[PDB]
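Chemist: Encoded as structure tokens, here's the structure I'll be asking about.
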Amino acid sequence: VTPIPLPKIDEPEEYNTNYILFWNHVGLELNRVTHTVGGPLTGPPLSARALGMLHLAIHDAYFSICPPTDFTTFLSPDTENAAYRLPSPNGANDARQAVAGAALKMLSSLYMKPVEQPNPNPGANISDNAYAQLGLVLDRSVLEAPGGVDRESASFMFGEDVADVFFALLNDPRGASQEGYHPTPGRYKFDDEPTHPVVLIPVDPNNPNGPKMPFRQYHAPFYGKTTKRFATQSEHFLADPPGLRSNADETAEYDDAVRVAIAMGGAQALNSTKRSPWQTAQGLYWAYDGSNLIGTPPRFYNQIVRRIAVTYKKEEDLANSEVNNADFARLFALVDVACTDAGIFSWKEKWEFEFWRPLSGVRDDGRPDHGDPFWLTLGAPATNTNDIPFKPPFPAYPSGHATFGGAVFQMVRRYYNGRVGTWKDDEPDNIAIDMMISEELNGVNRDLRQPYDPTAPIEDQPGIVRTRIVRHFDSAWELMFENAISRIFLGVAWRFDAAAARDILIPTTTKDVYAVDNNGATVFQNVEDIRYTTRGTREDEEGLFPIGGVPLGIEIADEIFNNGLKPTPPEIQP
Ligand code: VO4
């Protein structure tokens, strides 16, 4: 089959001389390729789960052979419960081959055709071409692996065993099932996107030019409540969103939220849009909304973490350093597990409340002086395609991006505290990075004038090229903040989907109403002053709970970290 020409990644090629980074890279390649061909594990929550599984297998394969001192493996060889019993090396002492076996096994089990019956129903929707393209990636990775891959080594085979255990334990074949789900229309209720109410999909994935059929997609409505958590030691909840349940009386907040939504997230040319060109850039920068050759958010977070990892490594040698190998193996397991669980809980809460997206909220508001029945958002960028901006096929509260970011960056903060600088775990850090480029704005990717051609490199395809923007950030606190507000700029998130409006916006004399500048644009607090303290109530539970994605993510990362990356007790699994 003709291999898809993938655009070059903006990252020093030296990174991939390290085998932990290399295998992470392979996972990221599969992420973007599966989103280009429509293969398995697409979408935000499941793509995160795949990386968590990959790094958990790598983590245990490496630390079994090269025992850690300050912590232990995720699973142990002395577990009485077979499902949680980690294989023993028994002579295997080649960590490089152990990691290779684990990585190759896990990725193969995850992305290759589920010949073992699972092909029916679950996988019965992915074309053979999709599997073919994914296989190419895996195949050449074996050939590109630093130091080579010796499939005959005992160490390699051991790694495979490790992967088998994690796969059988954590894989959720029916994770993205939507069978039986249907929206419950009403005020504040999620329903089909007015801009993309239905889509025509081919009856046969293997014949994309043959007959189509109307399809209404709902992204993983049961995943969050039914799936097996990775390392969380409890269930996490958020305050009821403004307008619902115990907070149904929070009308001033909601009304002002509608106001901020129109001004900050509308289409570029609308007269009501007050968002600045720089804010528009911040919005697209963090997108990674499952586009061709780009993938989902977890991919970008890992790209950023890769830079942080190399920028703050203890030893200069990327290739031959056990200090670096252990550091990277540990960091990525923590980060990707935090990301996986953040995906589980953001999705659990998303479908729990089924809060509508700003587009529907503004349009269907119903009040002549509040809504705009013809409003349009900047929307999720339809990169490397000729389709128009959409909005993620799932509820708004909390923001998936915000939760993912909260988890990933709080983990990075907990991990590097006292090493890169010193800070209170709930206050701004100094983990700066520069030369950070998003593939949404890299001077290569673009908005095509015609349908994407997978046999030609993106550069040879007519379209409007995305401006290349090279960024520098002063801290993971900033990354966390900007990743969250980018969704407000795209018009896909309400302000409270990110965090409590009181913690991120500039207040006025009127309660629940926030400051705007001379030209109407919403004013945000300085990153250094932001503290996620404001909590709210839940109708179904006593106590105060976090508001928005960022606080939820922070909470998840702290818990996992504080427990040293320990499996979720099976007793508390769904
Ligand atoms: O994925 V989002 O909920 O941030 O649109």
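Residue numbering restarts at 1 for every chain of the structure tokens, chains are lettered A, B, ... in their displayed order, and ligands are numbered from 1 as they appear.
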Using only C-alpha atoms and all ligand atoms, find each protein or nucleic acid residue lying at most 8 Å from ligand 1; present the set as a PyMOL selection string.
Modeler: chain A and resi 44+289+380+391-392+394-402+484+487+492-493+497
Chemist: Just N, CA, C and O atoms for this one: save the residues we selected as a tab-separated table (two decimals), in the first residue's frame.
Modeler:
```tsv
chain	number	residue	atom	x	y	z
A	44	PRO	N	-10.24	11.85	22.09
A	44	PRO	CA	-9.46	12.24	23.27
A	44	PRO	C	-9.25	11.22	24.40
A	44	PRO	O	-8.11	10.84	24.67
A	289	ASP	N	-7.45	18.81	17.66
A	289	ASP	CA	-8.77	18.21	17.73
A	289	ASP	C	-9.04	16.99	16.85
A	289	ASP	O	-10.11	16.87	16.28
A	380	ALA	N	-13.39	24.33	16.50
A	380	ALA	CA	-12.25	23.42	16.47
A	380	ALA	C	-11.76	23.44	15.03
A	380	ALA	O	-12.53	23.20	14.11
A	391	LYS	N	-17.22	21.40	16.37
A	391	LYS	CA	-17.10	21.42	17.83
A	391	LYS	C	-17.23	19.96	18.24
A	391	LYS	O	-18.09	19.23	17.73
A	392	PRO	N	-16.33	19.49	19.12
A	392	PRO	CA	-16.26	18.12	19.65
A	392	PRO	C	-17.63	17.51	19.99
A	392	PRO	O	-18.38	18.08	20.79
A	394	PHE	N	-19.37	15.82	22.03
A	394	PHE	CA	-19.58	15.42	23.40
A	394	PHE	C	-19.90	16.68	24.21
A	394	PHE	O	-19.67	17.79	23.72
A	395	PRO	N	-20.52	16.53	25.40
A	395	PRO	CA	-20.89	17.65	26.27
A	395	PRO	C	-19.74	18.57	26.63
A	395	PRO	O	-18.58	18.19	26.57
A	396	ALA	N	-20.09	19.77	27.06
A	396	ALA	CA	-19.12	20.80	27.41
A	396	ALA	C	-18.40	20.71	28.75
A	396	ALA	O	-17.17	20.76	28.81
A	397	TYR	N	-19.16	20.64	29.83
A	397	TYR	CA	-18.61	20.64	31.19
A	397	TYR	C	-18.20	19.27	31.75
A	397	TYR	O	-19.04	18.37	31.88
A	398	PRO	N	-16.92	19.11	32.15
A	398	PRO	CA	-15.84	20.10	32.10
A	398	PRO	C	-15.07	19.99	30.79
A	398	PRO	O	-15.23	19.01	30.06
A	399	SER	N	-14.21	20.96	30.51
A	399	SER	CA	-13.42	20.93	29.28
A	399	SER	C	-12.42	19.78	29.29
A	399	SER	O	-11.65	19.63	30.24
A	400	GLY	N	-12.44	18.96	28.25
A	400	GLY	CA	-11.51	17.85	28.15
A	400	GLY	C	-10.08	18.37	28.15
A	400	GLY	O	-9.23	17.88	28.90
A	401	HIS	N	-9.83	19.41	27.36
A	401	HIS	CA	-8.51	20.02	27.26
A	401	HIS	C	-8.03	20.50	28.62
A	401	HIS	O	-6.89	20.23	29.01
A	402	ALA	N	-8.90	21.21	29.33
A	402	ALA	CA	-8.56	21.74	30.65
A	402	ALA	C	-8.21	20.64	31.65
A	402	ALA	O	-7.24	20.78	32.39
A	484	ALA	N	-6.19	25.73	28.85
A	484	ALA	CA	-7.58	25.83	29.26
A	484	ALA	C	-8.34	26.96	28.56
A	484	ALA	O	-9.39	26.72	27.96
A	487	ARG	N	-9.80	27.08	24.68
A	487	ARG	CA	-11.12	26.56	24.34
A	487	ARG	C	-12.20	27.64	24.43
A	487	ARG	O	-13.24	27.54	23.77
A	492	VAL	N	-15.70	26.84	22.11
A	492	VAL	CA	-16.20	25.48	22.40
A	492	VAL	C	-16.37	25.23	23.90
A	492	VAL	O	-17.00	24.25	24.30
A	493	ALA	N	-15.81	26.11	24.72
A	493	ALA	CA	-15.92	25.97	26.17
A	493	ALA	C	-16.50	27.20	26.84
A	493	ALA	O	-16.25	28.32	26.41
A	497	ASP	N	-15.99	25.88	32.26
A	497	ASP	CA	-15.58	24.55	31.83
A	497	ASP	C	-14.08	24.43	32.10
A	497	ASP	O	-13.56	23.32	32.24
```
Chemist: Just the residues within 8 Å of residue 384 in chain A, please, counting only C-alpha atoms, with nothing from its chain fewer than 2 positions along; format it as an NGL selection string.
Modeler: :A and (291-293 or 382 or 386 or 445-448 or 452 or 458)
Chemist: Rank nothing, just name the residue among A:312, A:486, A:528, A:460 nearest to residue 431 in chain A, using only C-alpha atoms.
Modeler: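 The shortest atom-to-atom distance to residue 431 in chain A comes from A:312.
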Chemist: Calculated over only C-alpha atoms, which of the candidates A:157, A:176, A:50, A:436 has the smallest distance to residue 340 in chain A?
Modeler: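 Result for the nearest residue to residue 340 in chain A: A:50.
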Chemist: Which residue out of A:531, A:414, A:225, A:449 has the minimum interatomic distance to residue 347 in chain A when only C-alpha atoms are used?
Modeler: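 Counting only C-alpha atoms, the residue closest to residue 347 in chain A is A:225.
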Chemist: Between A:265, A:281, A:81, A:15, which residue has the minimum interatomic distance to residue 375 in chain A, considering only C-alpha atoms?
Modeler: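 Ranked by minimum distance to residue 375 in chain A, first place goes to A:265.
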Chemist: Would you list, as a list in words, the residues of range 238-397 of chain A that end up in strand (DSSP E or B) under DSSP run on this structure's backbone?
Modeler: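 Across range 238-397 of chain A, those assigned strand (DSSP E or B) are residues 266, 291, 295, 355, 377, 380 and 390 of chain A.
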Chemist: Only N, CA, C and O atoms, please: the residues just picked out, written as a short mmCIF file (atom, residue, chain, number, x, y, z; two decimals), in the first residue's frame.
Modeler:
```cif
data_model
loop_
_atom_site.label_atom_id
_atom_site.label_comp_id
_atom_site.auth_asym_id
_atom_site.auth_seq_id
_atom_site.Cartn_x
_atom_site.Cartn_y
_atom_site.Cartn_z
N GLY A 266 -16.45 33.80 19.05
CA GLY A 266 -17.19 33.86 17.80
C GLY A 266 -16.32 33.77 16.56
O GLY A 266 -15.09 33.84 16.66
N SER A 291 -7.36 16.05 14.07
CA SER A 291 -7.19 16.34 12.65
C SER A 291 -6.17 15.47 11.92
O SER A 291 -5.28 14.87 12.55
N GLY A 295 -3.61 14.49 15.06
CA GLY A 295 -4.03 13.69 16.18
C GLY A 295 -4.82 14.46 17.22
O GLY A 295 -5.40 15.51 16.93
N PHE A 355 -24.05 18.91 29.73
CA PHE A 355 -24.18 20.34 29.54
C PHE A 355 -23.92 20.69 28.07
O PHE A 355 -22.98 20.17 27.46
N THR A 377 -19.10 29.99 15.87
CA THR A 377 -17.88 30.03 16.66
C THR A 377 -16.65 29.98 15.77
O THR A 377 -16.75 29.72 14.57
N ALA A 380 -13.39 24.33 16.50
CA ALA A 380 -12.25 23.42 16.47
C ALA A 380 -11.76 23.44 15.03
O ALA A 380 -12.53 23.20 14.11
N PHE A 390 -15.65 22.74 13.38
CA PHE A 390 -16.71 22.05 14.10
C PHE A 390 -16.53 22.23 15.60
O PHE A 390 -15.82 23.14 16.04
#
```
Chemist: With a distance cut-off of 7 Å and only C-alpha atoms, select the neighbouring residues of residue 61 in chain A, excluding the residue or stretch itself and same-chain residues fewer than 4 positions from it, and output the selection as a PyMOL selection string.
Modeler: chain A and resi 57+65+98-99+102+159+162
Chemist: Export N, CA and C atoms of the chosen residues as a PDB file, in the first residue's frame?
Modeler:
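Result written to selection.pdb:
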```
ATOM      1  N   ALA A  57       3.500  -0.269  30.575  1.00  0.00           N
ATOM      2  CA  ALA A  57       4.219  -1.475  30.160  1.00  0.00           C
ATOM      3  C   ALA A  57       5.727  -1.196  30.099  1.00  0.00           C
ATOM      4  N   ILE A  65      13.922  -4.923  35.378  1.00  0.00           N
ATOM      5  CA  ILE A  65      15.313  -5.219  35.064  1.00  0.00           C
ATOM      6  C   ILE A  65      16.295  -4.253  35.736  1.00  0.00           C
ATOM      7  N   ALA A  98      13.971  -5.152  26.679  1.00  0.00           N
ATOM      8  CA  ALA A  98      12.786  -5.337  27.512  1.00  0.00           C
ATOM      9  C   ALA A  98      11.772  -4.254  27.144  1.00  0.00           C
ATOM     10  N   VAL A  99      12.241  -3.013  27.063  1.00  0.00           N
ATOM     11  CA  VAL A  99      11.386  -1.889  26.700  1.00  0.00           C
ATOM     12  C   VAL A  99      10.849  -2.081  25.280  1.00  0.00           C
ATOM     13  N   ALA A 102       8.069  -4.737  25.265  1.00  0.00           N
ATOM     14  CA  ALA A 102       6.870  -4.200  25.889  1.00  0.00           C
ATOM     15  C   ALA A 102       6.168  -3.227  24.944  1.00  0.00           C
ATOM     16  N   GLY A 159       9.639  -8.470  27.995  1.00  0.00           N
ATOM     17  CA  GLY A 159       8.897  -7.239  27.780  1.00  0.00           C
ATOM     18  C   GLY A 159       7.519  -7.546  27.227  1.00  0.00           C
ATOM     19  N   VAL A 162       5.198  -8.630  29.889  1.00  0.00           N
ATOM     20  CA  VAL A 162       4.758  -7.471  30.660  1.00  0.00           C
ATOM     21  C   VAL A 162       3.584  -6.791  29.944  1.00  0.00           C
TER      22      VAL A 162
END
```
Chemist: Residues at most 9 Å from residue 272 in chain A, counting only C-alpha atoms, excluding those fewer than 4 positions away in the same chain, as a list in words?
Modeler: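 Once the nearby chain positions are removed, what remains is residues 262, 263, 264, 266 and 267 of chain A.
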Chemist: Out of A:516, A:104, A:470, A:505, which residue has the shortest atom-to-atom distance to residue 529 in chain A when counting only C-alpha atoms?
Modeler: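 Smallest separation from residue 529 in chain A among the options: A:505.
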Chemist: Counting only C-alpha atoms, what is within 10 Å of residue 330 in chain A, bar same-chain residues fewer than 2 positions away, as a VMD selection string?
Modeler: chain A and resid 20 55 to 56 58 to 60 62 to 63 68 71 73 324 to 328 332 to 335 415 565
Chemist: Store the residues picked out above in a file with N, CA, C and O atoms, as a short mmCIF file (atom, residue, chain, number, x, y, z; two decimals), in the first residue's frame.
Modeler:
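So selection14.cif came out as:
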```
data_model
loop_
_atom_site.label_atom_id
_atom_site.label_comp_id
_atom_site.auth_asym_id
_atom_site.auth_seq_id
_atom_site.Cartn_x
_atom_site.Cartn_y
_atom_site.Cartn_z
N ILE A 20 13.64 5.39 25.29
CA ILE A 20 12.38 5.63 25.99
C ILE A 20 11.63 6.68 25.16
O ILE A 20 10.43 6.54 24.90
N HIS A 55 3.11 3.42 28.25
CA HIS A 55 4.10 3.79 29.23
C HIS A 55 4.09 3.03 30.55
O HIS A 55 5.09 3.01 31.26
N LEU A 56 2.98 2.37 30.84
CA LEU A 56 2.88 1.57 32.05
C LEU A 56 3.68 0.29 31.77
O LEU A 56 4.50 -0.12 32.59
N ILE A 58 6.10 -0.06 29.51
CA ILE A 58 7.50 0.33 29.42
C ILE A 58 8.06 0.49 30.83
O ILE A 58 9.09 -0.09 31.17
N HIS A 59 7.35 1.24 31.66
CA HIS A 59 7.75 1.50 33.03
C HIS A 59 8.09 0.21 33.78
O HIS A 59 9.16 0.10 34.38
N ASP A 60 7.18 -0.75 33.76
CA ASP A 60 7.42 -2.00 34.46
C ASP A 60 8.47 -2.89 33.82
O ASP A 60 9.20 -3.58 34.53
N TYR A 62 11.16 -1.86 32.26
CA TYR A 62 12.43 -1.24 32.61
C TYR A 62 12.79 -1.40 34.09
O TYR A 62 13.91 -1.78 34.41
N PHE A 63 11.87 -1.07 34.98
CA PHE A 63 12.14 -1.15 36.41
C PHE A 63 12.18 -2.55 37.00
O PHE A 63 12.54 -2.73 38.16
N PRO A 68 14.29 0.28 40.87
CA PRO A 68 14.31 1.64 41.40
C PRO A 68 14.49 1.63 42.92
O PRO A 68 14.23 0.62 43.58
N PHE A 71 10.87 4.16 44.60
CA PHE A 71 9.52 3.69 44.30
C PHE A 71 9.64 2.28 43.77
O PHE A 71 10.74 1.74 43.66
N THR A 73 7.58 -0.94 41.05
CA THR A 73 6.83 -1.13 39.82
C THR A 73 5.34 -0.95 40.10
O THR A 73 4.91 -0.98 41.26
N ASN A 324 19.14 9.01 32.78
CA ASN A 324 18.16 9.59 31.87
C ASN A 324 17.04 8.60 31.52
O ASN A 324 15.87 8.95 31.57
N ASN A 325 17.41 7.35 31.21
CA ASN A 325 16.42 6.32 30.87
C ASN A 325 15.39 6.13 31.98
O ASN A 325 14.20 6.01 31.72
N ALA A 326 15.87 6.06 33.22
CA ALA A 326 15.00 5.88 34.38
C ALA A 326 14.13 7.10 34.58
O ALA A 326 12.93 6.99 34.84
N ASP A 327 14.73 8.28 34.46
CA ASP A 327 14.02 9.54 34.62
C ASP A 327 12.87 9.64 33.62
O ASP A 327 11.73 9.90 34.00
N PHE A 328 13.16 9.39 32.35
CA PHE A 328 12.15 9.45 31.29
C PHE A 328 11.07 8.37 31.45
O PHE A 328 9.88 8.65 31.30
N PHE A 332 7.24 9.78 32.09
CA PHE A 332 6.19 9.47 31.13
C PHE A 332 5.09 8.56 31.64
O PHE A 332 3.93 8.69 31.22
N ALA A 333 5.43 7.65 32.53
CA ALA A 333 4.42 6.77 33.10
C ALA A 333 3.49 7.63 33.97
O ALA A 333 2.27 7.56 33.83
N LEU A 334 4.08 8.48 34.81
CA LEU A 334 3.30 9.37 35.67
C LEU A 334 2.39 10.28 34.87
O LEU A 334 1.18 10.37 35.13
N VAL A 335 2.96 10.94 33.87
CA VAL A 335 2.24 11.86 33.01
C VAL A 335 1.12 11.21 32.20
O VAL A 335 -0.02 11.66 32.23
N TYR A 415 6.64 16.44 40.00
CA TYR A 415 7.85 15.69 39.66
C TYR A 415 9.14 16.51 39.67
O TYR A 415 10.18 16.03 40.13
N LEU A 565 2.04 6.27 42.19
CA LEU A 565 1.65 5.49 41.02
C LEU A 565 1.33 4.04 41.40
O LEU A 565 2.07 3.10 41.10
#
```
Chemist: For range 540-552 of chain A, work out the shell of residues within 8 Å, counting only C-alpha atoms and skipping chain neighbours fewer than 6 positions away, then give it as number ranges by chain.
Modeler: A: 236-241, 342, 346, 397-407, 480-481, 484, 496-500, 532, 534
Chemist: I need the residues of range 412-458 of chain A that end up classed as helix (DSSP H, G or I) by DSSP on the backbone, written out as a list in words.
Modeler: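 The helix (DSSP H, G or I) subset of range 412-458 of chain A is residues 412, 413, 414, 415, 416 and 458 of chain A.
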Chemist: Would you output that residue set with N, CA and C atoms, as a PDB file, in the first residue's frame?
Modeler:
```pdb
ATOM      1  N   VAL A 412       3.891  17.148  36.067  1.00  0.00           N
ATOM      2  CA  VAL A 412       5.212  17.667  35.721  1.00  0.00           C
ATOM      3  C   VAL A 412       5.737  18.551  36.861  1.00  0.00           C
ATOM      4  N   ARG A 413       4.852  19.368  37.430  1.00  0.00           N
ATOM      5  CA  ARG A 413       5.191  20.255  38.541  1.00  0.00           C
ATOM      6  C   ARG A 413       5.589  19.492  39.816  1.00  0.00           C
ATOM      7  N   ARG A 414       4.789  18.496  40.194  1.00  0.00           N
ATOM      8  CA  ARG A 414       5.066  17.677  41.372  1.00  0.00           C
ATOM      9  C   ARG A 414       6.400  16.947  41.211  1.00  0.00           C
ATOM     10  N   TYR A 415       6.639  16.439  40.004  1.00  0.00           N
ATOM     11  CA  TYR A 415       7.847  15.693  39.661  1.00  0.00           C
ATOM     12  C   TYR A 415       9.142  16.509  39.674  1.00  0.00           C
ATOM     13  N   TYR A 416       9.094  17.732  39.154  1.00  0.00           N
ATOM     14  CA  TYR A 416      10.283  18.578  39.093  1.00  0.00           C
ATOM     15  C   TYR A 416      10.495  19.557  40.242  1.00  0.00           C
ATOM     16  N   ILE A 458       1.809  17.044   2.542  1.00  0.00           N
ATOM     17  CA  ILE A 458       0.991  18.225   2.782  1.00  0.00           C
ATOM     18  C   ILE A 458       1.453  19.493   2.048  1.00  0.00           C
TER      19      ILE A 458
END
```
